[PDB]
Amino acid sequence: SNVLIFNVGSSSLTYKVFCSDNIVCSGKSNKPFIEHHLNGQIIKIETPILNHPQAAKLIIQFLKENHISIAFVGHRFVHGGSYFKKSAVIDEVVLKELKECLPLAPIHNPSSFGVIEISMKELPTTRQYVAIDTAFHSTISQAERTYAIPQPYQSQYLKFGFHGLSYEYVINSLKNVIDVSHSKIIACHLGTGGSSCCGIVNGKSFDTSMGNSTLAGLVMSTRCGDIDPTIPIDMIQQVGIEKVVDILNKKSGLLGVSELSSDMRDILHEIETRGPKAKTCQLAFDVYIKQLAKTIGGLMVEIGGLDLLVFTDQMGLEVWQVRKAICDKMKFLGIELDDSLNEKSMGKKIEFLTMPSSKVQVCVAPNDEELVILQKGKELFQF
Amino acid sequence: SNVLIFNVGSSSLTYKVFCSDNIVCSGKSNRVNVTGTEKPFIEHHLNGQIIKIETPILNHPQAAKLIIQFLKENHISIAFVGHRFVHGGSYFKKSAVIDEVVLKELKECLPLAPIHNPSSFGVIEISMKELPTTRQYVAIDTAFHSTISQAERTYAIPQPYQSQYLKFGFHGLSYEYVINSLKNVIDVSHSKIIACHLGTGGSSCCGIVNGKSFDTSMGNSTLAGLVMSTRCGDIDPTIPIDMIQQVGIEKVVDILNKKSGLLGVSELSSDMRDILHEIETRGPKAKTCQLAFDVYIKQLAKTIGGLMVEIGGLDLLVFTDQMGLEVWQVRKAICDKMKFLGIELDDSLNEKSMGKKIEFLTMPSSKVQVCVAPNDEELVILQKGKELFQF
């Protein structure tokens, strides 16, 4: 039976329809237009400016007009709060709790919830599920979730952690290649937007680099990551609350330090080409690697070891310099990399870049959003 | 040659005089006897016994003057005066002999630490005046970390904030004292050392490569890093921002500095020993004290792990200051987290060590070595003086 997967983006809405792990139909929204891929042909259609639930509606309509029967719809919801400990098939109780999670991620959740609501209304005979990014980290203990602050603030700002579906998908895909049930894995979700690391013991999250918010942890494209806590306070005394929030989230990270780009590839280019901003670009790369390595080290001690270091996402799977720099700093722990394989790998498949003799293995593992949402559908429905 | 060391405290000023690594005179201002039908006084300990001079309540420079006067009247001649300055800012990459330039630069560092810097400054100014033919030096707590490179001092934020909020690091004098004391015991110049200053007030870790600070736990402020007695340490940067919205700026600063850390989580005490005691006696606050210990250990372990990767390995882990020297449960908790890295702890030595002297707690076969190293406040300032004047 057919599965429809929605992928909500900043300025777009993509979909893909699956039948037995095979793509039937696909396309995306945003002069704005919707593009469709069906029966081997490409249909582009001019549109006026749409919001997300309008785009979703139009996609459903196109599917109905072509008799693409749909039995399942999968959705991604970033921040499921304290309620959602696992992903869920969508009912009235789930819808209620989801709506209470809206203020948790005002940038992500609302447009995601909008698509869900319109999808439930336009496809009332289909079973629908929501894949929740924070759920995988429900195995993290109190002590690892707790910041050293007094009540009531202590319970208000517990750590949540994110990219949970990505981590869960990657772990699941490594089950034939390694023995996850007896393993210590550190996964690095290095993407555009958010980046994080996760310490995984026997297939389960033990700790992660993000916190109560998606600002915490690693240096990111435009986000500061972990910094001295008095700094946000001092900056507020200069420019106020909302401006500080904007700077730390949209004008920091690789962008703020390189003074060139939020894209690591542009940063690497400027360094290796020399280059009018190399200086700042070199600093941005060093600071990024430092924080990443520091994060890896901290997590390794928490989980009591390391068998496999995994890179995933866009940066993790397409930038060999990051993986090389990181493995060099972790060489003393027993990481012997194969540089021929590393420099050519773009992570289109699960590929080890480590010599088989190396004490700690290093691998790359794809985490395509659509396959990730679909995979959760399997777990919930068995299809 | 005698050396006068001033230790500026909160309610009083204390001092010691050294002659060849030994104390010949010492004292505390503003002393009170609860049964002594009497006034506040300076208590002097000199050779034989106790000398009490009744005084009004004294500030620090007033006490300093009267202390100097007492030593003159009792024929203790002074060749050097040592002082301690908490935050030297950008200018002080080294501790310094005090001249006109140094005094001018120290003056500009006052807003860095409104409480501690002016107190130590006032004592320095009066000390230069009452002993103007005496060489004096200021030991700067931030100077040891001048060797930390830009990438390690830099937070991933844009200009101009990036340069306004560079990392400094503290407990520098404690670290370089411990490192120096280790030169009689290990090859420091070819060593990777992580030191843990586990104090009653602030706490930090330092990654040390060949005798020099590579990176450290505190940042621009003395709030960053480890979970501390009353401080939060490193937390989600969004948390202070959201707390401002609830209770305002100044209240948040007070909460994170004075009502967090061990005190805030345990809901019992700021002292680790009381926390351990409550756990083991199963007091009414055992659950929260157990949580406070777990959170504290977790952050310390994570900090050590991060520093190890930064410096490229680990040969020697060293504990110092009050909690590091006199609380074996903390050391055990840490070493068990790191057993996988090659730490074989002699549990009998650890349970009996109070860190009165440098002694290894690990087996000599153990890949990574663990030791406790004393860092008495006065010897630390005195040692900086030996380095500057060769006394």
# chains A, B, ... in the order shown; residues from 1 in each chain; ligands from 1
>>> residues_around(residues="range 31-36 of chain B", least_positions_apart="2", cutoff="10 Å", atoms="only C-alpha atoms", output="list in words")
residues 11, 12, 27, 28, 29, 38, 39, 40, 41, 42, 43, 52, 53, 54, 55 and 57 of chain B
>>> write_last_selection(atoms="N, CA and C atoms", output="CSV table (one decimal), in the first residue's frame")
chain,number,residue,atom,x,y,z
B,11,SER,N,35.7,39.6,55.2
B,11,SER,CA,35.4,40.4,56.5
B,11,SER,C,36.7,40.8,57.1
B,12,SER,N,37.8,40.4,56.7
B,12,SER,CA,39.1,40.7,57.3
B,12,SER,C,40.3,40.6,56.3
B,27,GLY,N,48.9,37.0,60.9
B,27,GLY,CA,47.8,37.6,61.7
B,27,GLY,C,46.5,37.8,60.9
B,28,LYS,N,45.5,38.1,61.6
B,28,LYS,CA,44.2,38.4,61.1
B,28,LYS,C,43.6,39.6,61.7
B,29,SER,N,43.0,40.5,60.9
B,29,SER,CA,42.4,41.7,61.4
B,29,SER,C,40.9,41.4,61.8
B,38,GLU,N,35.3,42.3,75.4
B,38,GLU,CA,36.4,43.0,74.7
B,38,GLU,C,36.0,43.6,73.3
B,39,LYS,N,36.9,44.2,72.7
B,39,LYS,CA,36.7,44.9,71.4
B,39,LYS,C,37.2,44.0,70.2
B,40,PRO,N,36.9,44.4,69.0
B,40,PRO,CA,37.6,43.7,67.9
B,40,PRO,C,39.1,44.0,67.9
B,41,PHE,N,39.9,43.1,67.3
B,41,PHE,CA,41.3,43.3,67.4
B,41,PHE,C,42.0,42.5,66.3
B,42,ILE,N,43.3,42.9,66.1
B,42,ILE,CA,44.2,42.1,65.2
B,42,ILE,C,44.9,41.1,66.1
B,43,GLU,N,44.8,39.9,65.7
B,43,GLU,CA,45.6,38.8,66.4
B,43,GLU,C,46.9,38.5,65.7
B,52,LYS,N,47.4,40.5,70.9
B,52,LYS,CA,46.2,41.2,70.5
B,52,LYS,C,46.2,42.7,70.7
B,53,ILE,N,46.0,43.4,69.5
B,53,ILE,CA,45.9,44.9,69.6
B,53,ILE,C,44.5,45.3,69.3
B,54,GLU,N,43.8,45.8,70.3
B,54,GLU,CA,42.4,46.3,70.1
B,54,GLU,C,42.3,47.4,69.1
B,55,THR,N,41.3,47.3,68.2
B,55,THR,CA,41.2,48.2,67.1
B,55,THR,C,39.7,48.5,66.9
B,57,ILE,N,36.6,48.6,64.0
B,57,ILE,CA,36.5,47.8,62.8
B,57,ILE,C,37.3,48.5,61.7
>>> select_by_dssp(residues="range 74-136 of chain B", states="helix (DSSP H, G or I)", output="PyMOL selection string")
chain B and resi 100-107+110-112+116-130
>>> write_last_selection(atoms="N, CA, C and O atoms", output="compact mmCIF listing (two decimals), in the first residue's frame")
# COMPACT_ATOMS: atom_id res chain seq x y z
N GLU B 100 55.07 52.38 38.35
CA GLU B 100 54.04 53.38 38.05
C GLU B 100 53.12 52.92 36.92
O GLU B 100 51.91 53.16 36.96
N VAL B 101 53.70 52.26 35.91
CA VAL B 101 52.92 51.73 34.79
C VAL B 101 51.96 50.63 35.26
O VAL B 101 50.77 50.66 34.94
N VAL B 102 52.50 49.67 36.01
CA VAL B 102 51.71 48.57 36.57
C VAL B 102 50.52 49.08 37.39
O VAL B 102 49.39 48.62 37.21
N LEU B 103 50.78 50.03 38.29
CA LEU B 103 49.72 50.63 39.10
C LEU B 103 48.64 51.28 38.24
O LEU B 103 47.45 51.15 38.53
N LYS B 104 49.06 51.96 37.18
CA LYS B 104 48.14 52.59 36.25
C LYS B 104 47.28 51.55 35.53
O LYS B 104 46.08 51.74 35.34
N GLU B 105 47.90 50.44 35.14
CA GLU B 105 47.20 49.37 34.43
C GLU B 105 46.28 48.57 35.35
O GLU B 105 45.21 48.12 34.93
N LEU B 106 46.70 48.39 36.60
CA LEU B 106 45.87 47.72 37.60
C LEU B 106 44.60 48.52 37.87
O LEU B 106 43.52 47.95 38.06
N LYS B 107 44.73 49.84 37.88
CA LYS B 107 43.62 50.75 38.11
C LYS B 107 42.51 50.59 37.07
O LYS B 107 41.33 50.70 37.39
N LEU B 110 39.87 47.61 37.56
CA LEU B 110 38.91 47.63 38.66
C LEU B 110 37.49 47.16 38.29
O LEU B 110 36.93 46.31 38.99
N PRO B 111 36.91 47.69 37.19
CA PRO B 111 35.55 47.24 36.86
C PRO B 111 35.46 45.75 36.48
O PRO B 111 34.35 45.21 36.46
N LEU B 112 36.59 45.11 36.21
CA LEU B 112 36.60 43.69 35.87
C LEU B 112 36.09 42.84 37.03
O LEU B 112 35.41 41.83 36.82
N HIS B 116 36.68 42.28 44.39
CA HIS B 116 38.04 41.81 44.70
C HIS B 116 39.17 42.73 44.22
O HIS B 116 40.10 43.02 44.98
N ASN B 117 39.09 43.19 42.97
CA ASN B 117 40.12 44.07 42.42
C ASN B 117 40.38 45.39 43.20
O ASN B 117 41.54 45.71 43.48
N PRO B 118 39.32 46.14 43.56
CA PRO B 118 39.57 47.36 44.35
C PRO B 118 40.11 47.08 45.76
O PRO B 118 40.95 47.83 46.22
N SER B 119 39.63 46.02 46.41
CA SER B 119 40.13 45.65 47.74
C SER B 119 41.63 45.37 47.71
O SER B 119 42.39 45.89 48.53
N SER B 120 42.06 44.54 46.77
CA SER B 120 43.47 44.24 46.60
C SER B 120 44.25 45.47 46.15
O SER B 120 45.42 45.64 46.52
N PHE B 121 43.61 46.34 45.37
CA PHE B 121 44.27 47.55 44.89
C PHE B 121 44.54 48.52 46.04
O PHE B 121 45.65 49.06 46.15
N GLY B 122 43.53 48.75 46.88
CA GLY B 122 43.66 49.65 48.01
C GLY B 122 44.80 49.25 48.93
O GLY B 122 45.54 50.10 49.43
N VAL B 123 44.93 47.95 49.16
CA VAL B 123 46.01 47.41 49.99
C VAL B 123 47.36 47.64 49.32
O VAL B 123 48.33 48.01 49.98
N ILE B 124 47.42 47.43 48.00
CA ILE B 124 48.64 47.68 47.23
C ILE B 124 49.09 49.14 47.31
O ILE B 124 50.26 49.42 47.56
N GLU B 125 48.16 50.07 47.12
CA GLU B 125 48.47 51.50 47.19
C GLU B 125 49.01 51.93 48.55
O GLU B 125 50.01 52.66 48.63
N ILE B 126 48.37 51.49 49.62
CA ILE B 126 48.83 51.85 50.96
C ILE B 126 50.15 51.15 51.30
O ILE B 126 50.96 51.67 52.06
N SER B 127 50.37 49.98 50.70
CA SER B 127 51.56 49.18 50.98
C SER B 127 52.79 49.81 50.33
O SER B 127 53.88 49.82 50.91
N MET B 128 52.60 50.35 49.13
CA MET B 128 53.67 51.05 48.43
C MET B 128 54.07 52.32 49.18
O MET B 128 55.22 52.75 49.10
N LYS B 129 53.12 52.91 49.89
CA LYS B 129 53.37 54.17 50.58
C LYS B 129 54.09 53.98 51.92
O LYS B 129 55.01 54.74 52.25
N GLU B 130 53.67 52.98 52.68
CA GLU B 130 54.25 52.71 53.99
C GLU B 130 55.59 52.00 53.88
O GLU B 130 56.43 52.10 54.78
>>> interface_residues(of="chain A", to="chain B", cutoff="6 Å", atoms="only C-alpha atoms", output="ChimeraX atom specification")
/A:143,148-150,211,216,224,228-229,252-253,256-257,287,294,297-298,301
>>> residues_around(residues="residue 4 in chain A", least_positions_apart="5", cutoff="9 Å", atoms="only C-alpha atoms", output="compact mmCIF listing (two decimals) with C-alpha atoms, in the first residue's frame")
# COMPACT_ATOMS: atom_id res chain seq x y z
CA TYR A 15 6.52 15.16 -0.97
CA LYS A 16 7.26 11.61 -2.07
CA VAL A 17 4.92 8.63 -2.41
CA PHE A 18 6.24 5.15 -1.62
CA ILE A 70 -2.94 6.76 -0.38
CA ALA A 71 -3.20 4.54 2.72
CA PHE A 72 -0.63 6.30 4.91
CA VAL A 73 0.67 9.83 5.52
CA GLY A 74 3.87 10.48 7.48
CA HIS A 75 4.74 13.79 9.14
CA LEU A 374 9.14 6.43 6.00
>>> atom_distance(atom1="CA of residue 135 in chain A", atom2="CA of residue 85 in chain A")
4.8 Å
>>> residues_around(residues="residue 382 in chain B", least_positions_apart="2", cutoff="12 Å", atoms="only C-alpha atoms", output="PyMOL selection string")
chain B and resi 2-7+15-23+80-84+136-139+173-174+177+375-380+384-391
>>> residues_around(residues="residue 308 in chain A", least_positions_apart="3", cutoff="8 Å", atoms="only C-alpha atoms", output="list in words")
residues 183, 184, 185, 186, 360, 361, 362 and 363 of chain A
>>> decode(residues="range 181-302 of chain A", atoms="C-alpha atoms", output="PDB file, in the first residue's frame")
ATOM      1  CA  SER A 181      23.259  -4.166  20.794  1.00  0.00           C
ATOM      2  CA  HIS A 182      26.779  -4.212  22.250  1.00  0.00           C
ATOM      3  CA  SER A 183      28.346  -0.959  21.076  1.00  0.00           C
ATOM      4  CA  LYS A 184      29.414   2.555  22.012  1.00  0.00           C
ATOM      5  CA  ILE A 185      28.733   4.941  19.144  1.00  0.00           C
ATOM      6  CA  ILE A 186      29.185   8.687  18.801  1.00  0.00           C
ATOM      7  CA  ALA A 187      27.106  10.053  15.935  1.00  0.00           C
ATOM      8  CA  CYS A 188      27.651  13.516  14.500  1.00  0.00           C
ATOM      9  CA  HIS A 189      24.721  15.132  12.709  1.00  0.00           C
ATOM     10  CA  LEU A 190      26.611  17.836  10.818  1.00  0.00           C
ATOM     11  CA  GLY A 191      24.125  19.688   8.656  1.00  0.00           C
ATOM     12  CA  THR A 192      23.168  23.099   7.382  1.00  0.00           C
ATOM     13  CA  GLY A 193      21.012  24.733  10.031  1.00  0.00           C
ATOM     14  CA  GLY A 194      21.413  22.681  13.196  1.00  0.00           C
ATOM     15  CA  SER A 195      24.316  20.395  14.031  1.00  0.00           C
ATOM     16  CA  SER A 196      24.608  18.061  17.023  1.00  0.00           C
ATOM     17  CA  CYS A 197      26.382  15.023  18.477  1.00  0.00           C
ATOM     18  CA  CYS A 198      24.896  12.071  20.325  1.00  0.00           C
ATOM     19  CA  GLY A 199      26.416   9.432  22.595  1.00  0.00           C
ATOM     20  CA  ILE A 200      24.673   6.133  21.898  1.00  0.00           C
ATOM     21  CA  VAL A 201      24.982   3.067  24.156  1.00  0.00           C
ATOM     22  CA  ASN A 202      23.688  -0.250  22.793  1.00  0.00           C
ATOM     23  CA  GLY A 203      21.454   1.524  20.286  1.00  0.00           C
ATOM     24  CA  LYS A 204      20.041   4.061  22.743  1.00  0.00           C
ATOM     25  CA  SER A 205      20.662   7.765  23.320  1.00  0.00           C
ATOM     26  CA  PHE A 206      22.692   8.424  26.471  1.00  0.00           C
ATOM     27  CA  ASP A 207      23.529  12.101  25.984  1.00  0.00           C
ATOM     28  CA  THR A 208      23.427  14.725  23.230  1.00  0.00           C
ATOM     29  CA  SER A 209      25.040  18.107  22.505  1.00  0.00           C
ATOM     30  CA  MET A 210      21.835  20.146  22.197  1.00  0.00           C
ATOM     31  CA  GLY A 211      19.934  21.260  25.298  1.00  0.00           C
ATOM     32  CA  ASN A 212      16.607  22.896  26.067  1.00  0.00           C
ATOM     33  CA  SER A 213      17.018  24.900  22.856  1.00  0.00           C
ATOM     34  CA  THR A 214      18.516  24.268  19.405  1.00  0.00           C
ATOM     35  CA  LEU A 215      21.190  26.893  20.093  1.00  0.00           C
ATOM     36  CA  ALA A 216      23.237  24.760  22.502  1.00  0.00           C
ATOM     37  CA  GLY A 217      26.310  22.639  21.802  1.00  0.00           C
ATOM     38  CA  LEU A 218      28.344  22.677  18.595  1.00  0.00           C
ATOM     39  CA  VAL A 219      29.336  25.656  16.470  1.00  0.00           C
ATOM     40  CA  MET A 220      26.823  25.711  13.598  1.00  0.00           C
ATOM     41  CA  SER A 221      26.165  27.558  10.320  1.00  0.00           C
ATOM     42  CA  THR A 222      24.725  30.662  12.014  1.00  0.00           C
ATOM     43  CA  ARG A 223      24.433  29.559  15.656  1.00  0.00           C
ATOM     44  CA  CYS A 224      26.939  30.141  18.461  1.00  0.00           C
ATOM     45  CA  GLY A 225      26.645  26.811  20.271  1.00  0.00           C
ATOM     46  CA  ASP A 226      27.813  26.538  23.880  1.00  0.00           C
ATOM     47  CA  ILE A 227      29.215  29.878  25.099  1.00  0.00           C
ATOM     48  CA  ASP A 228      29.891  31.666  28.398  1.00  0.00           C
ATOM     49  CA  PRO A 229      26.376  32.154  29.902  1.00  0.00           C
ATOM     50  CA  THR A 230      27.092  35.712  31.111  1.00  0.00           C
ATOM     51  CA  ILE A 231      27.674  36.825  27.514  1.00  0.00           C
ATOM     52  CA  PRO A 232      24.003  36.630  26.460  1.00  0.00           C
ATOM     53  CA  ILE A 233      23.295  38.650  29.619  1.00  0.00           C
ATOM     54  CA  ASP A 234      25.924  41.314  28.880  1.00  0.00           C
ATOM     55  CA  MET A 235      24.753  41.641  25.254  1.00  0.00           C
ATOM     56  CA  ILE A 236      21.149  42.084  26.422  1.00  0.00           C
ATOM     57  CA  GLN A 237      22.302  45.099  28.461  1.00  0.00           C
ATOM     58  CA  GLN A 238      23.490  46.543  25.132  1.00  0.00           C
ATOM     59  CA  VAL A 239      20.800  45.662  22.559  1.00  0.00           C
ATOM     60  CA  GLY A 240      17.897  43.934  24.347  1.00  0.00           C
ATOM     61  CA  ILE A 241      16.427  40.415  24.429  1.00  0.00           C
ATOM     62  CA  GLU A 242      15.082  39.861  20.911  1.00  0.00           C
ATOM     63  CA  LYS A 243      18.124  41.322  19.138  1.00  0.00           C
ATOM     64  CA  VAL A 244      20.518  39.102  21.113  1.00  0.00           C
ATOM     65  CA  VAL A 245      18.388  36.069  20.218  1.00  0.00           C
ATOM     66  CA  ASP A 246      18.633  37.052  16.541  1.00  0.00           C
ATOM     67  CA  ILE A 247      22.420  37.498  16.675  1.00  0.00           C
ATOM     68  CA  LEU A 248      23.087  34.194  18.454  1.00  0.00           C
ATOM     69  CA  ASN A 249      20.839  32.241  16.049  1.00  0.00           C
ATOM     70  CA  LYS A 250      21.237  33.925  12.648  1.00  0.00           C
ATOM     71  CA  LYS A 251      24.432  35.986  12.805  1.00  0.00           C
ATOM     72  CA  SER A 252      26.854  33.702  14.655  1.00  0.00           C
ATOM     73  CA  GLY A 253      28.539  30.327  14.161  1.00  0.00           C
ATOM     74  CA  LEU A 254      30.520  29.805  10.960  1.00  0.00           C
ATOM     75  CA  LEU A 255      28.931  32.930   9.448  1.00  0.00           C
ATOM     76  CA  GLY A 256      29.737  35.274  12.332  1.00  0.00           C
ATOM     77  CA  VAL A 257      33.363  34.162  12.590  1.00  0.00           C
ATOM     78  CA  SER A 258      34.264  33.638   8.915  1.00  0.00           C
ATOM     79  CA  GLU A 259      32.652  36.939   7.895  1.00  0.00           C
ATOM     80  CA  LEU A 260      32.150  35.199   4.558  1.00  0.00           C
ATOM     81  CA  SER A 261      29.575  32.403   4.526  1.00  0.00           C
ATOM     82  CA  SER A 262      27.426  30.082   6.627  1.00  0.00           C
ATOM     83  CA  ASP A 263      28.478  27.290   4.258  1.00  0.00           C
ATOM     84  CA  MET A 264      31.571  25.333   5.355  1.00  0.00           C
ATOM     85  CA  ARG A 265      32.395  24.560   1.714  1.00  0.00           C
ATOM     86  CA  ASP A 266      32.702  28.268   0.875  1.00  0.00           C
ATOM     87  CA  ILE A 267      34.878  28.639   3.977  1.00  0.00           C
ATOM     88  CA  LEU A 268      37.159  25.770   2.949  1.00  0.00           C
ATOM     89  CA  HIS A 269      37.399  27.216  -0.564  1.00  0.00           C
ATOM     90  CA  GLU A 270      38.525  30.650   0.656  1.00  0.00           C
ATOM     91  CA  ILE A 271      41.237  29.101   2.856  1.00  0.00           C
ATOM     92  CA  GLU A 272      42.605  26.805   0.152  1.00  0.00           C
ATOM     93  CA  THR A 273      42.459  29.507  -2.534  1.00  0.00           C
ATOM     94  CA  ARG A 274      43.859  32.444  -0.562  1.00  0.00           C
ATOM     95  CA  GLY A 275      41.969  34.508  -0.340  1.00  0.00           C
ATOM     96  CA  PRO A 276      40.990  37.834   1.242  1.00  0.00           C
ATOM     97  CA  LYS A 277      39.010  36.382   4.159  1.00  0.00           C
ATOM     98  CA  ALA A 278      41.141  33.286   4.746  1.00  0.00           C
ATOM     99  CA  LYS A 279      42.308  34.620   8.113  1.00  0.00           C
ATOM    100  CA  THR A 280      38.779  34.850   9.515  1.00  0.00           C
ATOM    101  CA  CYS A 281      37.861  31.689   7.604  1.00  0.00           C
ATOM    102  CA  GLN A 282      40.749  29.768   9.146  1.00  0.00           C
ATOM    103  CA  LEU A 283      39.632  30.977  12.580  1.00  0.00           C
ATOM    104  CA  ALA A 284      36.070  29.850  11.857  1.00  0.00           C
ATOM    105  CA  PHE A 285      37.304  26.390  10.849  1.00  0.00           C
ATOM    106  CA  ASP A 286      39.575  26.028  13.890  1.00  0.00           C
ATOM    107  CA  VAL A 287      36.895  27.168  16.366  1.00  0.00           C
ATOM    108  CA  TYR A 288      34.391  24.799  14.720  1.00  0.00           C
ATOM    109  CA  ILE A 289      36.717  21.792  14.879  1.00  0.00           C
ATOM    110  CA  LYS A 290      37.745  22.597  18.462  1.00  0.00           C
ATOM    111  CA  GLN A 291      34.159  22.654  19.704  1.00  0.00           C
ATOM    112  CA  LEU A 292      33.337  19.510  17.729  1.00  0.00           C
ATOM    113  CA  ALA A 293      36.344  17.598  19.064  1.00  0.00           C
ATOM    114  CA  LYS A 294      35.674  18.901  22.586  1.00  0.00           C
ATOM    115  CA  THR A 295      32.079  17.663  22.255  1.00  0.00           C
ATOM    116  CA  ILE A 296      33.217  14.224  21.034  1.00  0.00           C
ATOM    117  CA  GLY A 297      35.654  13.872  23.920  1.00  0.00           C
ATOM    118  CA  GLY A 298      33.069  14.817  26.530  1.00  0.00           C
ATOM    119  CA  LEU A 299      30.550  12.337  25.151  1.00  0.00           C
ATOM    120  CA  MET A 300      33.152   9.551  24.935  1.00  0.00           C
ATOM    121  CA  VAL A 301      33.817   9.848  28.681  1.00  0.00           C
ATOM    122  CA  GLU A 302      30.086   9.932  29.499  1.00  0.00           C
TER     123      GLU A 302
END
